[PDB]
Colleague: 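Can you read through this structure? Questions will come right after.
So you know, we letter chains A, B, ... as the sequences are listed, proteins then strands, and number each from 1. Any value given below was found using the heavy atoms of this structure, including those in side chains, with hydrogens, waters and symmetry copies removed.
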Protein chains: 2
Amino acid sequence: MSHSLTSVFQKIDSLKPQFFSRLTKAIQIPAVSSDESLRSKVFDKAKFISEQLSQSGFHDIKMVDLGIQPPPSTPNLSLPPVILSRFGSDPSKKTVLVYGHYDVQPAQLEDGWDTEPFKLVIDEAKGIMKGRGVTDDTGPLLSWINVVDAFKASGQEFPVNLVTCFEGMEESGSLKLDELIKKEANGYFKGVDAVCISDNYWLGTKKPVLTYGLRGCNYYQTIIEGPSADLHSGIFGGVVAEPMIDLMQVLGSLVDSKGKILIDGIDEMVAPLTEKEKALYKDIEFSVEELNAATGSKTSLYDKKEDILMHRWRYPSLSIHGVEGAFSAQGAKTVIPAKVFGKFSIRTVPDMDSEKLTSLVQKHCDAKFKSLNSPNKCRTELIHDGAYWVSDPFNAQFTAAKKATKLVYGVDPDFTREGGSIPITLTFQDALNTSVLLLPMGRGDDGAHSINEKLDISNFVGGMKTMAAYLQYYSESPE
Amino acid sequence: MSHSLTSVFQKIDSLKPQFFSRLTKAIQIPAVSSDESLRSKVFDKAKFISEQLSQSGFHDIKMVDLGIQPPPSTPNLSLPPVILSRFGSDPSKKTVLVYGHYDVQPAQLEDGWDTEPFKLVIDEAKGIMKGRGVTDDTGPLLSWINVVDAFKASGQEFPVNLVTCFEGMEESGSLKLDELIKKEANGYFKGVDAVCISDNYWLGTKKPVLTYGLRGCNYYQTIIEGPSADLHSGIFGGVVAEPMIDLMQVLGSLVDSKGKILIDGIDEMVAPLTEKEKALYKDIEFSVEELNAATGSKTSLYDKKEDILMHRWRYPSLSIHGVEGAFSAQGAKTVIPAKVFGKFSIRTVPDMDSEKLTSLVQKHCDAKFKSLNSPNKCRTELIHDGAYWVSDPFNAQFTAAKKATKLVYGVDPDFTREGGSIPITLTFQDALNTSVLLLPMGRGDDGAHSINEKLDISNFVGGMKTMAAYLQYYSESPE
Ligand SMILES: [Zn+2]
Ligand SMILES: [Zn+2]
Ligand SMILES: [Zn+2]
Ligand SMILES: [Zn+2]
């Protein structure tokens with residue numbers, strides 16, 4: 001019970017009522033960063049969090065202004081502030097920086113939610129919390145504060161100096177955060193010894209994991225324009241060229257129904273499969289039956305465990321998200337859309353270069369479009385990019401985290417990679433020159449970016465205790 | 001000046017202030033039939049119209065209830081009432097039934113409108129009225145009442161017995177109206193001698209037309225379903241099959257970028273081009289430059305006048321409208337949609353059979369989908385169908401209408417067909433066994449189903465006077 005972790009573990013149980021309360025208030029402020037009309041909510045969310053920091057012991061609190069929303073439509077809307085804080089300033093202790101994000105994906109009841117997405121429903125009988133942002137990423141984020149509180153209530157010494165970096169643009173490209181970290185590497189973040197992030201999930205639903213790899217993400221829109229305004233599809237049908245028709249062809253040329261990306265040049269950039277990397281992949285626990293459970297269907301593209309895992313983790317993927325600018329409500333509308341935007345993204349792996357990938361994508365789309373012999377205008381542009389990240393899971397942090405997991409969940413965690421992405425992870429590693437650990441709180445069926453997003457209370461509590469032991473053990477590790 | 005048409009023409013000018021006023025109130029009630037939340041507005045619109053009928057001389061007014069919204073999502077919403085009325089009951093006069101529709105396409109400022117779509121802006125200096133529904137179809141509809149008023153104010157004898165049939169589901173499949181006409185053929189409509197419809201436009205912007213043909217319309221949705229809910233595109237990317245990916249392929253197989261429909265079986269049903277029909281096509285005035293003006297671009301599929309006309313009028317077309325169930329807002333969303341609906345319609349011509357076309361469409365979509373080797377579910381269904389219609393433009397009505405047009409616009413109208421559709425036109429002809437005339441009020445660049453829908457005041461006034469002379473001349477024709 002290192003400096004009595006049992007004391008801390010006990011307080012974590014006792015304080016569940018205030019933790020729940022804190023988490024309810026947070027979830028109720030709909031910090032949807034992608035929604036301009038809710039930007040003010042995003043600020044209230046940041047404000048609420050800074051208030052929790054301050055009520056707990058945190059100091060040197062800074063609501064950092066990245067500036068005005070820019071990049072590639074903004075009415076001079078300010079960006080959500082990045083929240084920096086410290087807890088403790090003992091020069092003999094290690095300093096751990098924790099990062100998370102307080103903005104959240106959009107959500108509406110009518111999307112199919114069983115409960116209202118921004119009313120956090122807590123069911124201690126089933127042991128689940130249902131609400132948008134509860135696993136991605138407001139639950140895990142607030143967990144760091146809960147943990148500070150538990151050390152406090154248990155009268156136990158906090159094992160490290162905590163430093164916080166909470167942004168509110170993660171669901172919207174993490175704009176400008178990149179620059180902040182680099183700018184502050186020899187400033188607010190000067191003394192950092194390590195970075196921990198809780199912003200992903202267990203592979204499955206039964207066994208905890210530690211994550212040593214993330215895919216990157218390149219998000220594209222293909223824009224096709226024709227007439228100057230929408231056209232009655234009857235008056236002009238068969239006589240003017242249709243952006244929607246070209247677009248089905250261009251979009252339909254990016255990837256097949258088996259998952260094979262059809263863009264020339266990508267496969268060449270994909271790092272080959274090594275025996276070293278192959279070692280780690282075995283002994284994982286996972287089956288397609290689990291994938292089917294999370295999916296809610298039998299629609300996997302692979303049956304072999306090795307295949308499912310490798311195609312989630314280390315082979316790229318291309319997904320097609322939807323069309324902007326056409327007719328998307330229910331029923332019928334007889335219209336020829338004037339200007340449409342096809343949405344699609346690529347999950348990047350080593351060793352894919354962002355730049356080259358974008359060129360390849362443009363080259364492919366331009367060429368396909370030109371082969372249509374269409375009078376329409378067309379071009380493909382990048383909306384946002386985020387780097388992939390791979391690390392060796394043997395350094396001090398993973399060891400500390402491994403013992404922590406073992407302590408709480410009674411088994412050693414699998415070592416896994418992630419299909420998902422956390423864009424700044426690489427920026428933390430390189431800019432600060434420290435190791436990064438990913439410590440998933442929730443399960444792989446939590447429904448992030450979907451309806452009925454849930455966090456199991458067992459993962460909530462288990463994850464907090466795991467965060468507590470991890471900080472404790474890390475503080476004890478010789479390096 | 002048949003029974004002083006000049007008197008009637010003069011009153012039509014003098015009464016422009018009340019006509020404008022009447023038209024403003026109507027346009028302000030947003031009878032968007034496709035929008036459940038606005039259904040109540042649709043009823044107010046019907047109510048408003050019945051009030052105008054009654055204030056003018058109309059009698060035997062009936063707000064006919066088609067029943068509860070049915071077919072292929074409805075919370076037992078009642079349908080908009082069909083409005084039947086008569087003006088005059090002289091047994092020695094001919095009876096003309098006029099049909100139009102008081103519901104309208106959806107509209108929002110943010111779609112790109114220069115003015116607020118449901119605030120009718122009337123600019124007598126430019127001579128335009130801007131508002132949703134002003135040409136399609138509320139302007140023309142109300143014109144019939146204006147005309148009754150003008151005869152009244154001019155103290156001139158109304159030349160026929162007018163009978164009205166105004167529905168509020170035209171933009172939503174004209175549900176149940178079909179049955180009403182057939183049911184009432186030997187009832188409310190027993191004495192009808194002729195049917196006139198003002199619900200389309202001049203071919204171009206310079207020369208009035210009379211319309212003797214309409215294309216039909218079959219509206220389809222292809223439904224592809226996979227997982228039970230949306231999936232994080234990163235967690236599941238490359239590993240589960242994507243409905244959106246299949247859908248781009250199925251949809252992208254329906255028609256090329258030249259306008260060629262790719263569904264087997266359709267061409268065979270297309271009636272061959274005759275010398276008779278070819279006669280009428282010549283002497284039309286139209287050029288691609290005009291098409292470009294209305295389009296706002298240079299994106300025609302044909303340069304030859306004959307080709308543009310024949311591909312608008314008598315060859316089928318396939319348009320692709322948009323996708324329901326995916327991501328359609330601006331920016332980026334990393335999601336794999338669970339269940340998507342691809343929207344597309346076919347403009348039918350003789351001699352395409354509705355039934356067979358639907359089979360061909362299903363056969364094609366099913367086969368394409370199956371060739372994808374996808375674990376997903378898929379099926380294609382018809383949302384609504386409306387018949388094509390072709391008539392000989394030489395009967396009493398067209399002659400009457402021709403002289404009327406000549407009188408007002410000083411030239412004889414071109415005889416044209418329509419790319420657009422008015423579903424019940426055939427039902428009127430067959431069920432009542434009379435001729436049908438289409439008397440376009442507006443121009444072909446009015447922007448129906450688009451942003452900034454306009455009606456030129458010259459067409460408004462010209463069309464009213466043309467409607468007046470047409471009723472007068474028809475009343476005089478020996479048959
Ligand atoms: Zn997220
Ligand atoms: Zn996340
Ligand atoms: Zn319409
Ligand atoms: Zn119409």
Side-chain angles (χ1 to χ4, degrees), chain B residues 1-15 19 53 56-61 84-100 140-166 185 188-199 208-212 391-410 412-413 415 425 428-429 432-441 461-479:
Chain B
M1 299 103 207
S2 307
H3 190 208
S4 220
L5 235 11
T6 66
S7 262
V8 186
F9 285 6
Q10 283 175 9
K11 275 310 164 166
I12 285 177
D13 287 339
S14 305
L15 291 185
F19 297 160
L53 261 354
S56 298
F58 291 75
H59 68 274
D60 197 17
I61 304 184
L84 310 187
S85 72
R86 343 180 84 104
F87 182 89
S89 43
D90 185 331
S92 70
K93 292 201 177 92
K94 297 168 184 180
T95 296
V96 181
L97 172 51
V98 295
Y99 159 96
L141 185 156
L142 293 173
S143 290
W144 295 113
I145 312 170
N146 303 335
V147 170
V148 173
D149 283 345
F151 274 89
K152 235 147 49 198
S154 72
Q156 233 55 209
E157 195 182 338
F158 197 66
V160 306
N161 303 300
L162 201 66
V163 173
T164 223
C165 180
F166 296 153
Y188 199 103
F189 298 142
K190 84 177 171 78
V192 175
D193 300 309
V195 170
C196 190
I197 291 173
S198 189
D199 209 357
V209 312
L210 299 178
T211 295
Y212 66 91
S391 148
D392 155 276
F394 289 102
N395 56 65
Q397 280 206 77
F398 281 98
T399 306
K402 180 189 183 197
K403 306 182 189 184
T405 302
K406 171 61 165 301
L407 177 62
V408 176
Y409 294 103
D412 293 295
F415 286 77
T425 177
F428 277 121
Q429 174 182 274
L432 299 193
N433 296 106
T434 46
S435 60
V436 171
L437 161 75
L438 304 187
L439 216 199
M441 173 156 272
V461 173
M464 272 182 287
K465 295 174 170 183
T466 296
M467 291 174 164
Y470 147 78
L471 294 171
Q472 180 58 53
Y473 288 155
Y474 178 73
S475 74
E476 295 162 6
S477 93
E479 281 169 52

Colleague: Quick one: pull up OG in B:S475 and CZ in B:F158 and give me the separation to the nearest 0.5 Å.
Modeller: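 Here the rounded value is 9.5 Å.
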Colleague: Quick check for you: to the nearest 0.5 Å, what is the distance between B:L53 atom CG and B:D60 atom CG?
Modeller: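 It is 11.0 Å, given to the nearest 0.5 Å.
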Colleague: Do any N or O atoms from the side chain of B:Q397 and from the backbone of B:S435 form a donor-acceptor pair under 3.5 angstrom?
Modeller: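 A pair under 3.5 Å: yes.
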Colleague: Can B:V96 and B:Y470 be said to form a side chain to side chain contact (heavy atoms under 4.5 Å, CB included), step by step?
Modeller: CA-CA 11 Å; B:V96 181; B:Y470 147 78; 3.8 Å; yes
Colleague: Taking it one step at a time, do B:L407 and B:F9 satisfy side chain to side chain contact (heavy atoms under 4.5 Å, CB included)?
Modeller: CA-CA 11 Å; B:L407 177 62; B:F9 285 6; 3.9 Å; yes
Colleague: Roughly how far, to the nearest 0.5 Å, is the CG atom of B:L437 from the OG atom of B:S391?
Modeller: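 Interatomic distance, B:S391 OG to B:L437 CG, rounded to 0.5 Å: 9.0 Å.
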Colleague: With side chains defined as the heavy atoms from C-beta onward, is the minimum distance between B:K465 and B:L5 less than 4.5 Å?
Modeller: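 Of all side-chain heavy-atom pairs linking B:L5 with B:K465, none is under 4.5 Å.
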Colleague: Who passes salt bridge (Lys or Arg N to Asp or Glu O under 4.0 Å) against B:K152, sequence neighbours left out?
Modeller: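 Expected list: B:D149.
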Colleague: Please confirm whether the backbone N or O of B:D90 pairs with a side-chain atom of B:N161, one donor and one acceptor, at under 3.5 Å?
Modeller: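 Side chain of B:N161 to backbone of B:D90, a donor-acceptor pair under 3.5 Å: yes, one is there.
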Colleague: Quick one: do B:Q156 and B:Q472 satisfy side chain to side chain contact (heavy atoms under 4.5 Å, CB included)? Show the steps, please.
Modeller: CA-CA 11 Å; B:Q156 233 55 209; B:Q472 180 58 53; over 6 Å; no
Colleague: Determine whether B:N146 and B:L15 make a side-chain contact, defined as any pair of heavy atoms from C-beta on separated by less than 4.5 Å.
Modeller: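 When only atoms from C-beta onward are counted, B:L15 and B:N146 do not touch, as no gap falls below 4.5 Å.
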Colleague: Within this structure, what is the CD1-OG1 distance for the pair B:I12 and B:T6, rounded to the nearest 0.5 Å?
Modeller: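 One finds 11.0 Å between CD1 of B:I12 and OG1 of B:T6.
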Colleague: Please give me the minimum heavy-atom distance between B:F189 and B:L84, naming the atom from each residue.
Modeller: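 Nearest heavy atoms, B:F189 then B:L84: CZ-CD2, 3.7 Å.
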Colleague: Taking B:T399 for its side chain and B:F394 for its backbone only, find out whether a donor-acceptor pair lies under 3.5 Å.
Modeller: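 At least one qualifying donor-acceptor pair exists.
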Colleague: Just verifying a value: how many Å separate B:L471 CG and B:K93 NZ, rounded to the nearest 0.5 Å?
Modeller: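 Answer for the CG-NZ pair, B:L471 versus B:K93, is 12.0 Å.
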Colleague: Short question: side chain of B:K403, backbone of B:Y473 - any donor-acceptor pair under 3.5 Å?
Modeller: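 No.
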Colleague: For the residue pair B:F415 and B:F398, categorise the inter-ring angle as parallel (less than 30°), tilted (30 to 60°) or perpendicular (more than 60°).
Modeller: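 Plane angle between 30° and 60°, so tilted.
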Colleague: Between B:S154 (side chain) and B:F151 (backbone), is there a donor-acceptor pair under 3.5 Å?
Modeller: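 It does hold such a pair.
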Colleague: Do B:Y99 and B:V436 come close enough that some side-chain heavy atom pair is under 4.5 Å?
Modeller: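 Counting from C-beta outward, B:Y99 and B:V436 never come under 4.5 Å.
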Colleague: Please find the pair of heavy atoms, one from B:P393 and one from B:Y212, that lie closest to each other, and give the distance.
Modeller: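 So the minimum-distance heavy-atom pair works out to CB-CB, 3.8 Å.
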Colleague: Which heavy atom of B:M467 sits nearest a heavy atom of B:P140, and at what distance?
Modeller: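 It is CE-O, 3.7 Å.
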Colleague: When you compare the side chains of B:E476 and B:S2, does any donor N or O come within less than 3.5 Å of an acceptor on the partner?
Modeller: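 Yes, B:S2 and B:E476 have a side-chain donor paired with an acceptor closer than 3.5 Å.
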Colleague: Considering residues, nucleotides and ligands other than B:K94, do more than 12 of their heavy atoms fall under 6.0 Å from its NZ?
Modeller: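 Enclosed.
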Colleague: Is the backbone N or O of B:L439 less than 3.5 Å from a side-chain atom of B:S198, with the two atoms forming a donor-acceptor pair by type?
Modeller: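 Side chain of B:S198 to backbone of B:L439, a donor-acceptor pair under 3.5 Å: yes, one is there.
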Colleague: Keeping the roles fixed (side chain from B:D412, backbone from B:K406), state whether a donor-acceptor pair exists under 3.5 Å.
Modeller: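 No, B:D412 side chain to B:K406 backbone: no donor-acceptor pair under 3.5 Å.
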Colleague: Of all the heavy-atom pairs spanning B:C165 and B:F428, show the shortest one and how long it is.
Modeller: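 Shortest heavy-atom separation between B:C165 and B:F428 comes out as SG-CZ, 4.0 Å.
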Colleague: How long is the straight-line distance from CG of B:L97 back to OG1 of B:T434, given to the nearest 0.5 Å?
Modeller: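 B:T434 OG1 to B:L97 CG: 8.0 Å, rounded to 0.5 Å.
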Colleague: For B:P91 and B:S89, which heavy atoms make the closest approach, and how far apart are they?
Modeller: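 For B:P91 versus B:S89, the nearest heavy atoms are CD-O, 3.5 Å.
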